[PDB]
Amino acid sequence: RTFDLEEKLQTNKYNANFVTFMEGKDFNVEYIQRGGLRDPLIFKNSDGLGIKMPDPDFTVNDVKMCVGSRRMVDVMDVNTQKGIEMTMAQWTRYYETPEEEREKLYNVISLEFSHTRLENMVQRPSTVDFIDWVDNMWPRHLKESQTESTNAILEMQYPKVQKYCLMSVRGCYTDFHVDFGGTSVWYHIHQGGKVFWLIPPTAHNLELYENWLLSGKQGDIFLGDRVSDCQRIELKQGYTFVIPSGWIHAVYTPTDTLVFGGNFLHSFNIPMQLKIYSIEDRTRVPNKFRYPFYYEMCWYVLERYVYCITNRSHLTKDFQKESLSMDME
């Protein structure tokens, strides 16, 4: 890394106001139908969101115990933005290490904990449940068949991207990126805090981003300096943040923090979702860092819309029977 991160946190140049501050009760389906979820949102308190979180004092060791000591976890080497692997037990030992004794800065942002004990301790915003393509479009019997709690692709019966735990030590940085498949995102700051840089997905910015990615020169170029309008904003303990499709962001961790969040696709910004997919195609992103079964899901979306509206099914007979049996429950 060739730019000074400490200057990026102090300057006032990132002064756009993209984020809308909202009350939980106002974040409903009608709000989504009206605005199409185009604006980033911050809920300074959880009231009215329908979220559920663990005990405020829940630790990384409690996470370990819920998901398994031997579970392999994807870790990010902050200095290089490369990825490595270690068991959750090793991750925990690192995280419990005093700050001065940590040799490297490491970050975990990709621990998907669905189908573990922890899954039920965290509930998403109700509104996301109403619109998430996974919950509303993927054949339910496949989703319910999932047994595996890691993200092993051969075991994966549906796009396993709904519930993540993020564990970040003081000084962690995640460089500019758009979330996979053009997913939208919700993040709840359980303990600690985060600083985000936000860049809107205008055609010009998305062209810059794609160019910046093909350049290979992302350690050297701070992308918020190459755009017209960027917002730096801090999230405090207890806040919830929603990031729309395609928004380009980077994240800094000022204090040891624990976040629960997830990804979702939905039906009100499909064009942007498709744009980001094909940016991934062009920049040659390994399949592992992508939304699993993207187009498969897209097919199922078409079928759901036709069916709910016209009552003509284009699912196989077996799939129709599987579905009817779920409706009988």
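Residues carry their position along the shown sequence, with the first being 1.
Trainee: According to the deposited model, is the average Cα temperature factor higher in 79-87 or in 239-247?
Mentor: Here the higher of the two C-alpha B-factor means belongs to 79-87.
Trainee: Higher mean Cα B-factor in the deposited model: 26-34 or 292-300?
Mentor: Here the higher of the two C-alpha B-factor means belongs to 26-34.
Trainee: Sorting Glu99, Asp175, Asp179, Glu144 by Cα temperature factor from the record, which one lands on top?
Mentor: Largest recorded C-alpha B-factor: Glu99.
Trainee: At the C-alpha atoms, which of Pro201, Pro139, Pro159, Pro125 reaches the highest B-factor in this entry?
Mentor: The record points to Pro125.
Trainee: Which third, lowest, middle or highest, does the CA B-factor of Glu155 fall in along this chain?
Mentor: Within its chain, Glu155 is a highest-third residue by C-alpha B-factor, going by the deposited values.
Trainee: Classify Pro40 as lowest, middle or highest third according to the C-alpha B-factor given in the PDB entry, relative to its own chain.
Mentor: According to the entry, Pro40 has a C-alpha B-factor in the chain's middle third.
Trainee: Where does the C-alpha B-factor of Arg284 rank in its chain, lowest, middle or highest third?
Mentor: CA B-factor rank for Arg284: highest third.
Trainee: By its CA B factor, does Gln218 count among the lowest, middle or highest third of the modelled residues in the chain?
Mentor: Its C-alpha B-factor, which the entry lists for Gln218, ranks in the highest third among residues of this chain.
Trainee: Would you mind checking where the Cα B-factor of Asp132 ranks among the modelled residues of its chain, as the lowest, middle or highest third?
Mentor: Lowest third, going by the recorded CA B-factors of the chain.
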